[PDB]
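>>> sequence-free structure coming up:
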Ligand SMILES: CC(C)[C@H](Nc1ncnc2[nH]ccc12)c1ccc2c(n1)S(=O)(=O)CCC2
């Protein structure tokens with residue numbers, strides 16, 4: 001029953017991908033860890049973070065505000081482990097670089113390295129969408145950097161097909 005991932009395409013021995021909303025996956029799978037595509041003040045105002053927070057009925061945001069009060073903001077490329085609420089045992093909040101805001105694309109390697117502290121994770125494609133990184137480059141960084149078992153959920157069939165085609169060429 002735990003980590004019941006289904007319908008994924010295996011890309012490498014440790015990286016799997018699916019066309020799916022990460023919130024819907026977290027409900028079906030009940031993963032040990034769900035990754036959030038966070039910002040440094042853990043303000044979950046939209047996109048992936050806003051969807052995961054809404055699915056917890058704002059409990060994630062209240063917990064996040066209390067973590068920031070005590071520990072201060074994260075650094076770009078860094079992470080913290082908080083509760084997964086009804087979505088997972090734990091949420092790994094990871095800050096990838098926001099290239100549209102001038103942050104260094106090289107920090108995407110540091111961001112994916114946080115996944116290596118967890119044996120199995122359900123995650124989004126870091127720094128893609130409105131963070132502005134090239135999503136084919138984000139997938140290449142994930143495959144080359146993550147060594148633990150990562151199940152990527154990408155909520156867009158057009159991007160999913162472009163990512164699989166580019167990996168398999
Ligand atoms: C590329 C896009 C399809 C993808 N969205 C998603 N991928 C998987 N489950 C999802 N549920 C709701 C949206 C959503 C995606 C991945 C990463 C990032 C963003 N968006 S962003 O624009 O929210 C900025 C943070 C980085």
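Happy to help now that I have it. Numbers count the residues shown, from 1 in each chain.

>>> wait, doesn't residue 138 sit right on residue 124?
No: Residue 138 is beyond contact range of residue 124, at 9.6 Å (criterion: Cβ atoms under 8 Å). (C-beta placed from N, C-alpha, C; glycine too.)

>>> not counting sequence-adjacent ones, nearest residue to residue 159?
residue 135 (5.9 Å; Cβ to Cβ, 6 or more residues apart in numbering).

>>> also residue 94?
Nearest to residue 94 is residue 79, by Cβ to Cβ, 6+ apart, at 4.4 Å.

>>> the strands in the protein, which residues?
Assigned by DSSP state E, the chain shows strands spanning 9-12, 15-19, 33-37, 79-83, 90-94, 120-123, 149-154.

>>> other SSEs contacting the first one?
In terms of contact count using 3 or more Cβ pairs under 8 Å, 6 or more residues apart in numbering; DSSP states H and E, strand 9-12 is assigned the packing partners strand 15-19, helix 157-168.

>>> just to revisit the earlier point, next, count neighbours for the residue nearest to residue 159.
Residues lying near residue 135 (other Cβ atoms under 10 Å) number 20.

>>> looking at the helices and strands packed on strand 9-12, which is closest to residue 129?
helix 157-168 (9.1 Å; Cβ to Cβ).

>>> flag every buried residue along that closest one.
Residues of helix 157-168 classed as buried: 159-160, 163-164, 167 (neighbour count, 16 or more other Cβ atoms under 10 Å).

>>> residue 11 against residue 140, yeah?
No: proximity of residue 11 to residue 140 does not meet the contact threshold set by Cβ under 8 Å, at 10.7 Å.
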